[PDB]
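Structure record follows, encoded as C-alpha cells.
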Amino acid sequence: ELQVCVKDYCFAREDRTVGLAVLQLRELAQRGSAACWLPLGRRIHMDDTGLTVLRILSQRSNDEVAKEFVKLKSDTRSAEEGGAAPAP
Amino acid sequence: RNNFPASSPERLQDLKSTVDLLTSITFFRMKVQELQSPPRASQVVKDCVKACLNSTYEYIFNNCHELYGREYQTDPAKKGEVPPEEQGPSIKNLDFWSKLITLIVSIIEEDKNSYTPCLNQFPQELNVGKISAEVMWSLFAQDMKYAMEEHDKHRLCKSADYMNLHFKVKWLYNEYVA
Amino acid sequence: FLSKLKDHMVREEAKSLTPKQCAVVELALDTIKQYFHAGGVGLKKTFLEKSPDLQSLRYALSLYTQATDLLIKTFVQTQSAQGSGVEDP
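First to last, the sequence lines map onto chains A, B and C. When we follow the authors' numbering, the leftmost residue of the first sequence carries the number 1059, and every step to the right adds one. When we follow the authors' numbering, the leftmost residue of the second sequence carries the number 437, and every step to the right adds one. When we follow the authors' numbering, the leftmost residue of the third sequence carries the number 881, and every step to the right adds one.
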C-alpha cells in the first residue's frame, strides 16, 4: 500500500503532518495505472488485528523496519490549523 | 548544555551528581513509593538531551552566522549579526552551509567528548555523541535539501562552488552520518 | 496491553508473550484440551482441535512470535479497509 502524507515544511520548528491517505496496491494490480483523488485523513483507521500487529511490532523496539513501520502507522496529523481526530 | 557547560567540569560533576540524584529519586519512587513503572531515568534524560539538542539546532539554524562568526569565522568582520538571510540560508552563496557544517561538527564533538563521559550512568542507552549526530544531521539534511533546490532556481554561485560543497557534504555524511 | 504499547500510556517495552510464555500457554492449552477430552469421556479431540475458540486463541498466540515482515504483510492483507474512503477528510 502507498501511504501519502501532506506536511507543512517548517525550519526551526517541526514539519507538521497536515494529513495522510492509504492506497491499496491490490486495486492497481487490476487497474495497471490509476488516476485518483485520495482524500486525506488525520490518522489511519484500523481493526483489532492492525492494532494487535501494531502493539506487537512496537515491542520489537530495536528492529529498524518495525520502528519505521510503527512510526509510519503511528504518524497522525499534528492536529492544528484544521483539526485533530478523524472518522474510520 | 546551557545549565552545565562543558567548560565547567564542576558543573559537569554537579550534572553527574544530578543524574545520580535523579537515579536516587527514580529509585525512591520505585522502592519507597513502590511505583511499578515510574519514569525510567535514561528515557527522562534522553528526552532532556533531545530537547537540549533541538534547542541547539534551532538556535544554530537561525543564528548560523553569529555562532560560526564568533566560534570560527575566517574573517573577523563576519563574526557579528550578518543578515538573517545569511544566519539562515543564502541564495547568493554556499558559505552559510560550509559554516553550518562546522557548527554541526563542533557540537557533535562536545557531546561525544564532554557529555558522553559526564553522563555515563546509562552508557548502553545514552551515547550523547551519537544522539547528537543523528538529531543534528536529520534537522540539517531537510534544510540543506531545500537549499540546494532553491540555488537551482537562481544559479548565483558557480557550478564549481556546488561541486566544492558536494565534496564537503560527501565528506560530512561519510564521516558522521553514514 | 492496549495501554502499555498499542497506546501512549507507558514507555515500557510491554514485554511480549516471550517464547517461553508462548510455550507454557501452548502446553497449558494442550493439557486443558486433554482435560476437556478426558480420555474420550469428555469432548472429542476433533471438536477441540476444530474449536474456533482454540483456533482464535492459537492465532493471537501465533502473532506474538511472528517476524516483522510477516506481521507487516499480515497488516497489509488484513487492514483491507485502509482503502475505501477516509471519513472526515
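All C-beta atoms in this analysis are idealised placements derived from N, C-alpha and C, irrespective of residue type, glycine included.
Beta strand (DSSP E) containing residue i: first to last residue?
| i | result |
| --- | --- |
| A/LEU1081 | 1074–1081 |
Is residue i helix, strand or coil by DSSP?
| i | result |
| --- | --- |
| A/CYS1068 | coil |
| B/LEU457 | helix |
| B/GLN449 | helix |
| C/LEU909 | helix |
| A/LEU1060 | strand |
| B/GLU502 | helix |
| C/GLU967 | strand |
| residue 868 of chain C | Since the first residue of chain C shown is 881 and the last is 969, residue 868 of chain C is not available in this structure. |
| A/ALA1145 | strand |
List the endpoints of the continuous alpha helix (DSSP H) containing residue i.
| i | result |
| --- | --- |
| A/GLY1108 | 1106–1117 |
| C/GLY920 | From DSSP, C/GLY920 is part of no alpha helix (DSSP H); its letter is neither H nor E. |
| B/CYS484 | 477–498 |
| A/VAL1123 | 1122–1131 |
| C/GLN959 | Unbroken run through C/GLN959: none, as it is neither H nor E. |
| C/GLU929 | 925–929 |
| C/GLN935 | 932–945 |
Of all Cβ atoms in chain C, is any one closer than 8 Å to the Cβ of residue i?
| i | result |
| --- | --- |
| residue 1152 of chain A | Summary: the structure shown does not reach residue 1152 of chain A, with chain A confined to residues 1059 through 1146, and so no result is reported for it. |
| A/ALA1093 | no |
| A/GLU1072 | no |
| A/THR1075 | no |
| A/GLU1126 | no |
| A/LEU1130 | no |
| A/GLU1059 | yes |
| A/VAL1123 | yes |
| A/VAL1080 | yes |
| A/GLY1099 | yes |
| A/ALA1137 | no |
| A/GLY1108 | yes |
| A/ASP1105 | yes |
For chain B, find out if any of its Cβ atoms is closer than 8 Å to the Cβ of residue i; answer yes or no.
| i | result |
| --- | --- |
| C/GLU967 | no |
| C/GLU906 | no |
| A/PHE1069 | yes |
| C/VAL921 | no |
Give a yes or no on whether 8 Å exceeds the smallest Cβ distance from residue i to chain A.
| i | result |
| --- | --- |
| C/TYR915 | no |
| C/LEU885 | yes |
Which chain F residues sit within Cβ distance under 9 Å of residue i?
| i | result |
| --- | --- |
| C/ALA894 | No chain F appears in the structure shown, which is made up of the protein chains A, B and C. |
Is residue i a contact residue of the ligand ADP, with contact defined as CB to any heavy atom under 7 Å?
| i | result |
| --- | --- |
| B/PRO553 | Among the components modelled here there is no ligand, and therefore nothing to report on the ligand ADP. |
The stretch 471–498 of chain B: which residues have C-beta closer than 7 Å to a C-beta of chain C, in chain order?
Answer set for the stretch 471–498 of chain B: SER473, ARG476, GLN479.
Ignoring anything shorter than 4 residues or poking outside the stretch 515–594 of chain B, list the alpha helix (DSSP H) runs there in chain order.
When DSSP assignments are scanned along the stretch 515–594 of chain B, the uninterrupted stretches of alpha helix (DSSP H) that are 4 or more residues long and fall wholly within it turn out to be 520–523, 531–546, 564–590.
Contact set between the stretch 559–579 of chain B and chain A, restricted to residues whose Cβ is under 7 Å from the partner:
Among the residues of the stretch 559–579 of chain B, those with a Cβ less than 7 Å away from any Cβ of chain A are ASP579, in the order of the chain.
Looking at chain A, which residues of the stretch 949–962 of chain C have a Cβ within less than 8 Å of any of its Cβ atoms?
So the list reads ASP949, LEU951, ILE952, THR954, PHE955, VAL956, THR958, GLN959, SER960, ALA961, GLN962, given in the order they occur along the chain.
Check distances from the C-beta atoms of the stretch 923–944 of chain C to those of chain A and list, in chain order, the residues that come in under 8 Å.
The residues in question are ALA940, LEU943, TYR944.
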